[PDB]
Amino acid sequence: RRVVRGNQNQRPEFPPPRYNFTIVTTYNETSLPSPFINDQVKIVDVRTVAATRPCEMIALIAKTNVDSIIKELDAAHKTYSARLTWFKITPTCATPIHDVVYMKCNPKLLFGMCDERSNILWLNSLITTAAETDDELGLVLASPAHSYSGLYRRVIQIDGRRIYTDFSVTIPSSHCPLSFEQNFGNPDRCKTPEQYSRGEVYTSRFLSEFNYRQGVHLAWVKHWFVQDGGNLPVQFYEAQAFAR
């Protein structure tokens, strides 16, 4: 288990928690449904994202209809379970890079505001340069390398409904010395359509936990990016307005 270690006087400021949840580190797993689209037709929101300078921090963000599904369960007066999974997708295989399972979700509230969740899973080589956005549905990527270029797919599962968003990402060719190479295409983590179909993909077997709430994880990712020389885009600043 990854833990953050070091002197208190080197911490960033942490925004207050959004929702007090319990990580059920012992919950027993189900295989990952295939992210490939074949026999179940889906509408997909397709976005494009391009970094314009080396080591640029970027965010994969797109409004979805997730609330219209959550609030259908509210009108039914049903709590629900959910799953969030990010993939890097190629025609031959798909690599899950972030995966979370949610239980006892109150549909009066927003996505992710659920009493329980699984371990919060990440590709281990992304933990210091990646985190969720504030509503837990976006992905922040610090110091990408050129090899990050390609197709990213987010699958949100709410009860028995699924939402797909694709991001076509371009990163320029100059080298970023702050980056980590993810080797996204490695067959240990890049799983074929057949492997998903046969029910054989279990994220606990190859992703790693970073069981810190979003506000703490992103605060650290932004702090480490700047302390290593990165130029933080104003998009990732917080509002102080007139206060303090």
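In case it trips you up, residue 1 is the first one in the sequence shown, and so on.
Between the stretches 129 to 137 and 158 to 166, it is 158 to 166 that shows the larger average CA temperature factor. As listed in the deposited structure, the average C-alpha B-factor of 31 to 39 and of 173 to 181 is greater for 31 to 39. The top Cα temperature factor in the record, among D45, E56, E209, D188, falls on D188.
Per the PDB record, residue ranking by Cα B-factor puts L232 in the lowest third of the chain.
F225: CA B factor lies in the lowest third for its chain, per the PDB record.
Among all modelled residues in its chain, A76 ranks in the middle third by Cα B-factor.
The deposited CA B-factor of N124 belongs to the lowest third of values across its chain. Per the PDB record, residue ranking by Cα B-factor puts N65 in the highest third of the chain.
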